[PDB]
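Shown below, as structure tokens, is a lone chain in the form deposited without its partner chain; questions about how it binds or moves come after it.
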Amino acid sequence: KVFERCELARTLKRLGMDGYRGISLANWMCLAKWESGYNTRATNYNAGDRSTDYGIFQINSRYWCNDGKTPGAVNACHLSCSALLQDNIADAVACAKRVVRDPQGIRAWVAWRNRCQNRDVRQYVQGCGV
């Protein structure tokens, strides 16, 4: 499912992401936008390290979810990567919250660093009513 901007904003708010570890909803929206384009079925395989990034948050199969074909996987979210390809993003959110609880925080998302950090992101939630 490719969410609409404000639709996703309201969904993330309902799922407790606004202000989580101090991260605003606008920041979460910015990384979802640049990591997946708001598409829950987005999948990106890294041929070099043999791991895949799944879903709207592009979560890695080597550290957070288990897809069975990733060498040296850890599965810290205790989730089947397939759970991150569903239309209901509840599991994706619970896992995204786990990821930020790691020392690096939101710096785990490459796209946030390149396109959202130290930048005005208020545009992502304008007119959504969140």
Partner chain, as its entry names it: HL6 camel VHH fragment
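We call the rigid core whatever largest set of C-alpha positions still superposes within 1.5 Å between the two forms. Residue numbers count along the first chain shown, from 1.
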| property | result |
| --- | --- |
| Core-fitted comparison in 4 other deposited structures of this protein, 7 to 15 vs 104 to 112, farther C-alphas | 104 to 112 |
| Given 13 to 21 and 117 to 125, the range whose Cα B-factors average higher in the PDB entry | 117 to 125 |
| 101 to 109 set against 32 to 40, stretch whose average Cα temperature factor tops the other in the entry | 101 to 109 |
| Selection from 77, 85, 93, 59 [criterion: highest C-alpha temperature factor in the record] | 77 |
| CA B-factor placement of residue 89, once the chain's modelled residues are sorted into thirds | middle |
| Ranked C-alpha temperature factor of residue 81 among modelled chain residues, by third | lowest |
| Modelled-residue ranking by C-alpha temperature factor, third containing residue 73 | highest |
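Beyond what is shown, the protein has a form solved in complex with its partner chain; the following relates to that form.
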{"query": "Members of 67 to 84 lying within 4.5 angstroms of its partner chain, judged by heavy atom, in the entry with it bound", "finding": "76, 77, 78, 79"}
